[PDB]
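Chemist: Chains as they are written, first to last, in PDB author numbering: chain f, 77 to 150; chain K, 1 to 96; chain d, 2 to 56; chain U, 15 to 120. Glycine is no exception: its CB is placed at the ideal position from the N, C-alpha and C atoms.
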Amino acid sequence: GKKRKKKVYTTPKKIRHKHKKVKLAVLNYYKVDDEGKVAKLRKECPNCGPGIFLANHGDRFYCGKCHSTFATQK
Amino acid sequence: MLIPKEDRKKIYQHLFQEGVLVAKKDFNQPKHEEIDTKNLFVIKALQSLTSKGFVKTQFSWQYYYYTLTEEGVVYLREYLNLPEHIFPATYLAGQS
Amino acid sequence: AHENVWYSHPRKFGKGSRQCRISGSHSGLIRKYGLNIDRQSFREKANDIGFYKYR
Amino acid sequence: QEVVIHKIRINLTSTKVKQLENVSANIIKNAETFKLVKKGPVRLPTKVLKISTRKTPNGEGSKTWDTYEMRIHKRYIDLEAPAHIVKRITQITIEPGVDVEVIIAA
RNA sequence: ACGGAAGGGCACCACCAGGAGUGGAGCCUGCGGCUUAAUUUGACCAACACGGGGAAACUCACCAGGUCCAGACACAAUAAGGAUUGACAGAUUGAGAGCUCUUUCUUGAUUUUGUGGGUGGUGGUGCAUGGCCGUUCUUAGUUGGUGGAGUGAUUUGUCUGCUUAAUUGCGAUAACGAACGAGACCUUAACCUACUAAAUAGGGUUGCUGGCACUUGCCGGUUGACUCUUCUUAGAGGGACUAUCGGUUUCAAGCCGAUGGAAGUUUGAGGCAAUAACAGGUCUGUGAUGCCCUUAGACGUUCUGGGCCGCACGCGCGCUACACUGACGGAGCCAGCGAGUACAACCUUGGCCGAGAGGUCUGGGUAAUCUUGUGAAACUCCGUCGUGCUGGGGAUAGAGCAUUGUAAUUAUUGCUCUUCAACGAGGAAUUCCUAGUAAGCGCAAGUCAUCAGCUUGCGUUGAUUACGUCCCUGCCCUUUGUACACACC
Ligand SMILES: [Mg+2]
Ligand SMILES: [Mg+2]
Ligand SMILES: [Mg+2]
Ligand SMILES: [Mg+2]
Ligand SMILES: [Mg+2]
Ligand SMILES: [Mg+2]
Ligand SMILES: [Mg+2]
Ligand SMILES: [Mg+2]
Ligand SMILES: [Mg+2]
Ligand SMILES: [Mg+2]
Ligand SMILES: [Mg+2]
Ligand SMILES: [Mg+2]
Ligand SMILES: [Mg+2]
Ligand SMILES: [Mg+2]
Ligand SMILES: [Mg+2]
Ligand SMILES: [Mg+2]
Ligand SMILES: [Mg+2]
Ligand SMILES: [Mg+2]
Ligand SMILES: [Mg+2]
Ligand SMILES: [Mg+2]
Ligand SMILES: [Mg+2]
Ligand SMILES: [Mg+2]
Ligand SMILES: [Mg+2]
Ligand SMILES: [Mg+2]
Ligand SMILES: [Mg+2]
Ligand SMILES: [Mg+2]
Ligand SMILES: [Mg+2]
Ligand SMILES: [Mg+2]
Ligand SMILES: [Mg+2]
Ligand SMILES: [Mg+2]
Ligand SMILES: [Mg+2]
Ligand SMILES: [Mg+2]
Ligand SMILES: [Mg+2]
Ligand SMILES: [Mg+2]
Ligand SMILES: [Zn+2]
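#1: Around the C-beta of K/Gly-94, are 16 or more other C-beta atoms found within 10 angstroms, so that it is buried, or is it exposed?
#2: Which residue spans inside the stretch 57-106 of chain U form an unbroken alpha helix (DSSP H) run of at least 4?
#3: Would you please verify whether the beta carbon of U/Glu-83 is less than 9 Å from any beta carbon of chain d?
#4: Give the residues of chain d in contact with U/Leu-63, contact being defined as C-beta atoms less than 8 Å apart.
#5: Could you check which residue in K/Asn-81, K/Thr-67 and K/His-85 has the C-alpha nearest to that of K/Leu-15?
#6: Which runs of the beta strand (DSSP E) at least 3 residues long sit entirely within the stretch 6-54 of chain d? Give them in chain order.
#7: Shorter than 9 Å from the beta carbon of d/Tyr-55 to some beta carbon of chain U?
#8: How many Å lie between f/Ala-147 and f/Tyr-138 at the Cα?
#9: U/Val-17 by DSSP, collapsed to three states: which one?
#10: Output yes or no for whether 9 Å exceeds the beta carbon distance between U/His-20 and U/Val-100.
#11: Please decide whether d/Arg-22 counts as near chain K, where near means a Cβ-Cβ distance under 9 Å.
#12: Can you check which of these residues, f/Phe-129, f/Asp-110, f/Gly-125 and f/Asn-123, is closest to residue 203 of chain f by C-alpha distance?
#13: Do U/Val-116 and U/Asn-25 come within 9 Å of each other at the CB atom, strictly closer than that value?
#14: For chain d, is any of its Cβ atoms less than 9 Å away from the one on K/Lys-56?
#15: Strictly by DSSP, which residues pair up with U/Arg-23?
#16: Please decide whether d/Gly-25 counts as near chain K, where near means a Cβ-Cβ distance under 9 Å.
#17: If we ignore side chains and look at the alpha-carbon of each, how far apart do f/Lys-107 and f/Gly-127 end up?
#18: What are the start and end residues of the alpha helix (DSSP H) that includes U/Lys-43?
#19: For d/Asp-39, does the count of other Cβ atoms within 10 angstroms reach 16, so buried, or fall short, so exposed?
#20: Can you name the residues that DSSP bridges to f/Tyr-138?
#21: Which whole-angstrom value is the C-beta distance of U/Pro-59 and U/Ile-91, which I expect to be below 8 Å?
#22: Hey, how far is the Cα of U/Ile-103 from the Cα of U/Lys-88?
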């Protein structure tokens, strides 16, 4: 018993926050020492365990396996 | 849904072991009974199974009673890669 | 749908805290003796429940 | 040796009556053919359980209202009785509908 | 069908005799209107304290906004050099939302985006529908089989009379026998010194104790002992069928009167309740449901907040009153239906404290055990007030203390103080009612966390006036007239 008006929006748009398709982040993560030992880059996660690389933003290195656990200054 | 695969396979395993499941309607609840998962993706996984035709669902008083078909048993066994001889406890004929 | 914001509001009590258990309705609900079912659902199933018209 | 008097106490329950009445008749007949001391099948006020509802699902129409009910009868009994014969009596002659409960009065 | 046509009967949703009122007042509550972003909506005798609709969050339906996908499955397409997801911190956001962004990390084939396809919907359509109940219609009316009458539409049976509440019977009969409805039937209320029994109900005797009178009498207490079942329970049953009698009646159907009785209105009150039908209401109860609409910045779902409760006005249920049959103090001190804590958290006794609401600590109770003998109100008795809008009336108004609640502001509710308004028995009209009745009086239950003025039921104090009639409003059937048949709107 009612006809509905069209939902007109005074709101430009909000789009899905697209994830960034990173091309070969592991070369960014690692560093090869000429066919032998290999080093990692920028930290390793102590709260999560070995092998999980951390986040570089600024004045703080950040987790993301257990994201909220580790974001500490260094 | 986007089920963490382990959760899905343990759901399927429990379904195989019992042979049937109810999974009360109540949405948005944290912990599904006796399986330690969320009722939501339990319901959605069983819907996916039914759309495949492996499972027959009888819905009475908001409860989603589920039944396994033999081909559903076969496909579930393939997914959970158990030996072909095993059967759900429903097939173990309870004779009283 | 934040896990702590989706369905955030409490439902310990009030109208919506309980469901019909037959239709899931909120309106016209009966809570006496734990029936938790609505008016008319009771109206027909009561005979199988054990209820009968007497007076 | 289980000779200690048990003061066993039974309590029945039934939506209906005749099943409860014949169950009580069977219990007393068993006790008396077993030579037991009994406090008779006492009669308790049958609790009426009433619900008044609106007939119409929508409220339209002249106000018309109905009253469904049950009438529950309890009628407990009690014996000054030994164990094995009496516990066997408790576990026999039950028909559907009538619910029986036993307390040992320990 | 209708008739301001006739006839014979009915009904306190009609009247008579009246009782109580409503309509005047303030409050509450629901409609309309207005307003608003939204005041979400559906009913207009049978809508309006209805949708159990007593909405602070939800309920949710509307509004301002933010999330998320609860888009199965098929295919294609990308794509493991990552489909994608999630994300601290900040900007931004009401937010401590990785909503969006800055960055960086984390995650791995469940996904993502296109095509179908399907779900979801308090979206629409009760004039597509089922179910449901309401109403026609609390009255007594329906229907078929042969049979007769008619060419047939149909009719007779279903009726001239009398009788009943009844199409209930006596009967008369082109009708005969049959079915439904009414009754019969079931629940409840009453009566059972008859039976069966009972520390989860009572009583007597008798112990042990308290007080008094002292004569051995009373009133008390007491999980002591014995015994009993009238009272209380609930099973079996008994009891009334108009019994007996007197009237009246083509003496039949029955109606009236008295006695006996518990009960002599169908014993009272109920529950089910026929055919046919309504464009009655309900998609807003449903995972009852067709069709149509929408299905990703959504009409899905969720989160925050607003409203549904706003105000120039009118209308319907109700509440408190207008005081002396009163108000306020004391004192007396009687019920009956209920309900009550579990996977949680109710009923709460008692002892505390506080003026109060209240909180407090231990209790009992999953229930004839405890709340409980729900020690309720009106009422009863003794006082104060004294005809004064007064100590009537208690709305509207400030402040405080608490309580439920995540959240009481737009005052949830309670209590304390103060303010004391409108109101002088209420126009035309109109409602309900004939015995445990109306009216007054509360209590329990639904809603409930907190909320009632509502509502179901319960009991208490308990009447005036009929025990009749078609005059108004309708109803039954018969006869009659009609240009009506969507039927006198
Ligand atoms: Mg009059
Ligand atoms: Mg009045
Ligand atoms: Mg008035
Ligand atoms: Mg409005
Ligand atoms: Mg009527
Ligand atoms: Mg409220
Ligand atoms: Mg709201
Ligand atoms: Mg909301
Ligand atoms: Mg919005
Ligand atoms: Mg729904
Ligand atoms: Mg209709
Ligand atoms: Mg014929
Ligand atoms: Mg005829
Ligand atoms: Mg009858
Ligand atoms: Mg007796
Ligand atoms: Mg005579
Ligand atoms: Mg009657
Ligand atoms: Mg009828
Ligand atoms: Mg629909
Ligand atoms: Mg919605
Ligand atoms: Mg409203
Ligand atoms: Mg007025
Ligand atoms: Mg009304
Ligand atoms: Mg006063
Ligand atoms: Mg007084
Ligand atoms: Mg009593
Ligand atoms: Mg009192
Ligand atoms: Mg005054
Ligand atoms: Mg009064
Ligand atoms: Mg109400
Ligand atoms: Mg009369
Ligand atoms: Mg009238
Ligand atoms: Mg015509
Ligand atoms: Mg005219
Ligand atoms: Zn870490």
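Modeler: Looking at the coordinates:
#1: exposed
#2: 98-104
#3: yes
#4: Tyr-34
#5: K/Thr-67
#6: none
#7: yes
#8: 4 Å
#9: coil
#10: yes
#11: yes
#12: Given that chain f is displayed from residue 77 to residue 150, the structure contains no residue 203 of chain f and the question cannot be resolved.
#13: yes
#14: no
#15: U/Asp-92 and U/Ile-117
#16: yes
#17: 14 Å
#18: 32-47
#19: buried
#20: f/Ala-131 and f/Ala-147
#21: So it is not a contact: roughly 16 Å between Cβ atoms.
#22: 19 Å
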